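**Q** Pasting an experimental structure, sequence included:
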Amino acid sequence: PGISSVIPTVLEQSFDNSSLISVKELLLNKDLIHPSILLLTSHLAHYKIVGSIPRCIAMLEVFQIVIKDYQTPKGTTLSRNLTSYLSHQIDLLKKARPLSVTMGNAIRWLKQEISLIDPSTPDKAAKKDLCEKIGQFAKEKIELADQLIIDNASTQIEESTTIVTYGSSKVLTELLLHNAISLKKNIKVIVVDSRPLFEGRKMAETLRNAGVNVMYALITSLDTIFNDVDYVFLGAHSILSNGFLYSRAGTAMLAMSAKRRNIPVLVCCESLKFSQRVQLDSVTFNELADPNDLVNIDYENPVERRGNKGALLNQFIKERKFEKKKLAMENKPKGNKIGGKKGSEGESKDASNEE
Amino acid sequence: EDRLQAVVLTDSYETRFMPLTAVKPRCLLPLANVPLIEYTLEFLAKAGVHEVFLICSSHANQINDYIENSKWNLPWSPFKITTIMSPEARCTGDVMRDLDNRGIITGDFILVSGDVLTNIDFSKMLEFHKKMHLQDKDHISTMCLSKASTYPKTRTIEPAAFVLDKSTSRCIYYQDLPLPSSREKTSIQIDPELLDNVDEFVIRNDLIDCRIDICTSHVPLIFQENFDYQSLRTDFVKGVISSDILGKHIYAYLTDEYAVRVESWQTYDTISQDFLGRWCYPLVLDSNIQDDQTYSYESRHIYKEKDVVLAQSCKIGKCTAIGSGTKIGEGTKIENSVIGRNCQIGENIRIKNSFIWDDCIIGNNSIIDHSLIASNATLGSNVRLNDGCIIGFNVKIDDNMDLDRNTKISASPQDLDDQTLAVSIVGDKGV
Amino acid sequence: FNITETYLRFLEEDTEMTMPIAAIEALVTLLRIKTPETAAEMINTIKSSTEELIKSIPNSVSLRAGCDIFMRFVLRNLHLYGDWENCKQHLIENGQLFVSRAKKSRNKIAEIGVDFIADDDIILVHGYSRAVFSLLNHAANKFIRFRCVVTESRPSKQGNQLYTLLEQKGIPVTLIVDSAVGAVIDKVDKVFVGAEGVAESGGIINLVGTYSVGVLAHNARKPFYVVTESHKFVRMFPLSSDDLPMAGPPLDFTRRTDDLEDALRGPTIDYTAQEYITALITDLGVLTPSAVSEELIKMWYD
Amino acid sequence: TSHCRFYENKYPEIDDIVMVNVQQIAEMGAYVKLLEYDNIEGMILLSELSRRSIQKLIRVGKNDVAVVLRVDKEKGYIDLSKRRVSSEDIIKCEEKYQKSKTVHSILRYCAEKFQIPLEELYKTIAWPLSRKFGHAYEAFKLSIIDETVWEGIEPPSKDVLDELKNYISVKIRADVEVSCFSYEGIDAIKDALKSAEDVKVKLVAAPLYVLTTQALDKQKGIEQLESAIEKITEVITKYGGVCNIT
């Protein structure tokens, strides 16, 4: 059946609409669930590496694996309890960590596929063709698109560069790596780090693993870092029907700063991330997590110090809340690198009706 | 707790710096355009010193002169300098014996071997030392240790493997290895004399040498008693462990923050780099310690003194320090290198990760990479140097020369190639 | 046969020939000699010619836009899957036809899209475009309360030329230096601009000084307008504030001279952001907000 | 090294079918290399490429359909088409391309082995295979099944042919732990030897008999080894001992 109720820490007064609670340590569940989904959920819940791009790919891979492992029952047809199973999986995912736009899209695609082939065909012939098709799709709309984006970026970069970067966006890492290796230009990379997830640190590590000249900074230290420095790059999660940048934590402030200090910002996005859902603020629907992330006192993730703070429930009237997904302003980013080479962010849903 | 004397082991590690240390004393040489003794003195002051004692033998007159010229000579100082003059060339045992013969040793005396500059507060350490002393009657000396850079790889001269206790903080075994440099002994040794008493055994290697010692009144007496101990780390600590005098305790202080002593050339360079960055918490040149200094802080870890002149259109990298009275031309690429006081740099010069000492002329169209130039030694037109090329005192490198990796140049006007006179050895000229 | 020669051929005439249309015509002429039936022998050669033209360019942008448009048109043409002859013939026809169209477009612009200046609205005009001038002259023809303010253009004294052109129409005019342009926004109602090209982002590729003007307009909340003939859509993205594929130097710091020789190397091409535009007047309907981008998307199908 | 045409003529004709392995696309069409008629690049247009997502399917490496529209038999300009394909003809074209590729692969290892020109090899191959039989890959397959096509023209190289055969397809290791407890044994062993060879048998130890089974096309070696095992079993059952087979 699962687990219900029992939530740690204070519920707070403001920003109460989305799930923030749940299974962290498993106790009593339905005896039919494939363990790979569970494992994935466990990973996602306590993940520090993923950022919008790879999650969907991982999900797809998991689905493929499931399909490979899938065996049709002797009594009922191929789609009878499969849908129920899928629903259960979705519920589990939501309980663990809320579904993204890409994930939703993937789900939709899966549904479409299910509708396409009606229950009449044998087992070993249908899924052979399905898995291949899905692979082909993956090759087409994801990796190739990414490659295209990279190539677009390649021509867009001039001579003598000094760049400030943020996020665990895989595409940006790929880009920077490409710059370092195959272009052989005068590239300087400055990294910004965030408290909820150590993405900046990871980026820095990756850079080191290549051999790049790296400056390392934070959200606070920005007034002195400019005083030569030109380009600013950010990693997007999804663009809505309005045209606003619905992305991760510390981006919007950086963008604002860039706007203030002359030189504009450039953001990268895929040609599948676009949504029909309409929202213009972070209050509507937000990725909210447990206040366990904001416990460690600087330096590293595993340190555990008995300093000053270490209580939430016992404290009378104390609200310690943090947000993961933000809504950045529309006019501030100028450059958007999508499947159609180059374009403005004000286009919003030009690819949505195109499908 | 108050009133503590200091004894500094100076002029001990000569000929270890193979090109230099022949005409001028070891410690008088500048770290970052300013003498190495000063930093040590500052550290001592921070710790809590009431009287200063220095051990001099090799070029002692110059040291004396420096002392006379120095700020502590004037009556405002809490600590006065009185030097120990001894016969030439002797080990630390002999020095200790000499000290004992004289007799100034009272209570908890401070013995520092070499020159050390670190950021960690010492009062707390002193308190700890006192408390531990108050535990048992037969307690000896304090050793300082700091956590290394995760994995050891740049440490070959002194990669000491410390087997340590968590409850008492006491050393179990000391051993030196040539393992990363020469694959002959990739080795570990443990003795069974203290196995069934400690129980909590932690085997570690990643700890850096500091060689700062807080010593009781027992130590000189011990030294007098056992004359076989010439050194203080290799034979002494081991002896103490193996029960030379039964029922005795030693300290090994653990600190998360940076603490490294000066030992070789690469290590020295690393220390300098650290100093340039914000590794040491209060130790910055812009505060001005020597009073004649006029250093000021600038963006992107760049130090500039007063009366520093730099010409237009010169692209600089990261971490650069320039001394007073400098004249630098156009079209220079400067990256991670320190320029000395009153140095005259020409035009179109590419520098990467190098080091330049006091009053040096760098010739037009030259490339310098990871190499050191000592005081009053000049570089001519078209000189191409590779990684780790040490240049001695007053060496005149004239027109057109090329030197390969790890080429050492003599300082005194013997055994090593390239001499102090006109042109470095590509065509035979010298004494 | 050459396209460059053809381009040269027009110098003193112009003033209605939309340079890009002329270029298109030249391209068509080049095409209709060496048999347009084969795609292997022809399209590649056309591309090569275009490349050559680009290489030879002194200070022109719209040529590329024209050529790519032509290419797109050609591509569109052979989707009917009928026969090679008739389609080829149609293509051939469509060169002179295209030229003919431009005049009609101009007429449409001058009759429909001239309603902005009516109740004695004082106009601030900068950046020479033929369309804007036509609109002005044909507004005079229609008879309406109107007044003109001229900002001094200095590439090679084009402002004077503009003034002279204005004169041969009968209308009081005054000259304003683009330094005191910040001082006078009070009596002047609206700002109008003629562009060299429209970017992928939405922004305007123009002349010696436009960005500053745009900024001023934004500050004053008096609307900024761009009037152009609808064929200046180039696949170009000015990502930063001071970057464009320019033939001239982008702010070159000249060495210490004595005889005063190297000085006049100031920015002769400037770019303004997408948000500054209030209305863009084109023959293919009154469209502005993100219309150019949409058009581009339609063209490239991406 | 890879060069020269596949068939007899350098340039194709009208209606005849080809295929491209696309390296880069989307500008005019694709000016990419062919693998049916010469390695010299030809051009497809972005007009007769879309039949019914268009920029995602092709891209890099994937096999894509071609038919020769217009030929300039003077200097070298070839027109290619994807939409013209005669319906299911696409599949046939693909098959042909595959065959061509296989043929090319076949005449690459031999070129590298004997250090002889590829064009000459192609010339020597493409006459009773690419003209009479249909395509050459199918002919090769037929030959491998039962030799009949190679017999038409005399081969200058036999080692090359052998190598090719090997590639298309071998000693298989077999260890029989002979632990006999029989009365007469040596004779039995001799008998076994006299039946199993009629392949390469070596002896290192007294109880261990090492044998390597020769295979014609890899899969045939399973049938022989089993037979040998059976023979061995037959051998010692009559006398009064045992042979253990791993």
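**A** Structure received. Residues are numbered from 1 along each chain as shown, chains lettered A, B, ... in the order given.

**Q** Excluding chain neighbours, give the residue nearest to the residue in the stretch 1-150 of chain C positioned nearest to chain B in space.
**A** For the stretch 1-150 of chain C, the residue closest to chain B is residue C:59, as judged by CB to the nearest CB, at 28.8 Å. No exception for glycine: its C-beta is placed from N, CA and C like everyone else's. Spatial nearest neighbour of residue C:59, chain neighbours left out: residue C:247 (5.3 Å); criterion: CB to CB, 6 or more residues apart in numbering or on different chains.

**Q** Does the one you found touch residue C:58 like I think?
**A** Yes - contact criterion CB atoms under 8 Å: residue C:247 and residue C:58 qualify, at 6.6 Å.

**Q** Quick check: closest non-adjacent residue to the most centrally placed residue in chain D.
**A** Centroid-nearest residue in chain D: residue D:168, 4.5 Å away (criterion: CA atoms, centre = their mean). Residue nearest to residue D:168 in three dimensions, not counting chain neighbours: residue D:144, with 5.6 Å by CB to CB, 6+ apart.

**Q** Can I get the one helix or strand that neighbour maps to in PDB? Just the C-alpha atoms.
**A** Assigned by DSSP states H and E, residue D:144 belongs to helix D:136-145. The C-alpha trace of helix D:136-145 is given here as PDB (Å, rounded to 0.1, in the frame of the first residue of the first chain):
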ATOM      1  CA  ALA D 136      28.200  -9.200 -56.300                       C
ATOM      2  CA  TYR D 137      27.500  -9.700 -52.600                       C
ATOM      3  CA  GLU D 138      24.800 -12.300 -53.400                       C
ATOM      4  CA  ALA D 139      27.200 -14.000 -55.800                       C
ATOM      5  CA  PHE D 140      29.800 -14.100 -53.000                       C
ATOM      6  CA  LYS D 141      27.200 -15.600 -50.600                       C
ATOM      7  CA  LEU D 142      26.300 -18.200 -53.200                       C
ATOM      8  CA  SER D 143      30.000 -19.100 -53.600                       C
ATOM      9  CA  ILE D 144      30.400 -19.500 -49.800                       C
ATOM     10  CA  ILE D 145      27.400 -21.800 -49.700                       C
END
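
**Q** Show me the contact partners of that helix.
**A** The contact list for helix D:136-145 (CB atoms under 8 Å, 6 or more residues apart in numbering or on different chains) reads D:98-100, D:102-103, D:106, D:125-126, D:128-130, D:133, D:148-150, D:165, D:168, D:217.

**Q** Now with 7 Å, please.
**A** D:99, D:102-103, D:106, D:125-126, D:129-130, D:133, D:148-150, D:168 (CB atoms under 7 Å, 6 or more residues apart in numbering or on different chains).

**Q** What are the buried residues along stretch B:212-231?
**A** Neighbour counts over stretch B:212-231 (16 or more other CB atoms under 10 Å in any protein chain shown) mark B:212, B:213, B:214, B:215, B:216, B:219, B:220, B:222, B:223, B:229 as buried.

**Q** Stretch B:306-316 too?
**A** B:308, B:310, B:316.

**Q** and which of the residues you listed is nearest residue A:97?
**A** The nearest member of the buried residues of stretch B:306-316 to residue A:97, counting by CB to CB, is residue B:316 at 46.2 Å.

**Q** Report the closest residue of chain D relative to chain B.
**A** Chain D approaches chain B most closely through residue D:24 (37.3 Å), counting by CB to the nearest CB.

**Q** which stretches of chain D form strands?
**A** Listed in chain order, the strands of chain D (DSSP state E) span D:17-21, D:29-32, D:42-45, D:63-72, D:77-81, D:171-178, D:200-203, D:208-214, D:243-245.

**Q** Please name the strands paired to the fifth one in the sheet, noting orientation.
**A** Taking DSSP bridges as the criterion, strand D:77-81 forms sheet pairs with strand D:42-45 (parallel), strand D:63-72 (antiparallel).

**Q** just the last one next, same as before
**A** Each strand paired with strand D:243-245, and its direction, by DSSP bridges: strand D:171-178 (antiparallel).

**Q** Buried residues, the partner strand. List them.
**A** D:174, D:176, D:178.

**Q** what do you get for stretch C:54-69?
**A** For stretch C:54-69, burial by neighbour count (16+ other CB under 10 Å) applies to C:60, C:61, C:62, C:63, C:64, C:65, C:66, C:67, C:68, C:69.

**Q** okay if I get those residues as a markdown table plus secondary structure and distance to residue B:62?
**A** Below are these laid out as a markdown table (DSSP: H, G, I helix; E, B strand; the rest coil; distance: CB to CB, whole Å):
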| residue | secondary structure | distance to residue B:62 |
| --- | --- | --- |
| C:60 | coil | 75 |
| C:61 | coil | 73 |
| C:62 | helix | 78 |
| C:63 | helix | 78 |
| C:64 | helix | 75 |
| C:65 | helix | 78 |
| C:66 | helix | 82 |
| C:67 | helix | 80 |
| C:68 | helix | 79 |
| C:69 | helix | 84 |
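
**Q** Up against chain B, what does the stretch 101-250 of chain A have?
**A** Residues of the stretch 101-250 of chain A lying near chain B by CB under 7 Å from any CB of the partner chain: A:224, A:227.

**Q** Let me see the contact set for the residue of the stretch 101-250 of chain A found nearest chain B.
**A** Of all residues in the stretch 101-250 of chain A, residue A:227 sits closest to chain B, at 5.3 Å by CB to the nearest CB. Applying CB under 7 Å, 6+ apart, one finds that residue A:227 lies in contact with residue B:299.

**Q** Would you mind confirming that residue A:19 makes contact with residue A:98?
**A** Yes - using CB atoms under 7 Å, residue A:19 is in contact with residue A:98, at 6.4 Å.

**Q** Please say which of those two ends up with more neighbours.
**A** Legend: neighbour count by other CB atoms under 10 Å in any protein chain shown for residue A:19 and residue A:98, higher for residue A:98 (17 against 13).

**Q** Assign that one to helix, strand or coil.
**A** The three-state label given to residue A:98 by DSSP: H, G, I helix; E, B strand; the rest coil is coil.

**Q** Tell me the backbone dihedrals of it, please.
**A** When read as degrees, to the nearest 10, the backbone of residue A:98 gives phi -50, psi 140.

**Q** in the host helix or strand of residue A:173, what's buried?
**A** Secondary structure from DSSP H and E places residue A:173 in helix A:170-178. Under the neighbour-count criterion of 16+ other CB under 10 Å, helix A:170-178 has A:170, A:171, A:172, A:173, A:174, A:175, A:176, A:177 buried.

**Q** Hmm, the fifth one is touching residue A:153, no?
**A** No - at 9.5 Å, residue A:174 does not count as touching residue A:153 under the criterion of CB under 7 Å.

**Q** Could you check how far residue C:183 is from residue C:97?
**A** 49 Å (CB to CB, to the nearest Å).

**Q** what's the answer for residue B:369, then?
**A** Distance, residue B:369 to residue C:97, by CB to CB: 68 Å.

**Q** higher neighbour count, the two?
**A** Under the criterion of other CB under 10 Å, the comparison of residue B:369 against residue C:97 puts residue B:369 first, with 18 against 11.

**Q** Contact residues of chain D facing chain A?
**A** Residues of chain D lying near chain A (CB under 7 Å from any CB): D:56, D:57, D:59.

**Q** Please list only the buried members of the residues you listed.
**A** The neighbour count (16+ other CB under 10 Å) marks D:56, D:59 as buried among the residues of chain D next to chain A.

**Q** Out of the residues of chain D next to chain A, which comes closest to chain C?
**A** Nearest to chain C among the residues of chain D next to chain A, with distances taken as CB to the nearest CB, is residue D:56, at 10.4 Å.

**Q** now the closest one: how far from residue C:36?
**A** Relative to residue C:36, and taking CB to CB, residue D:56 is found at 30 Å.
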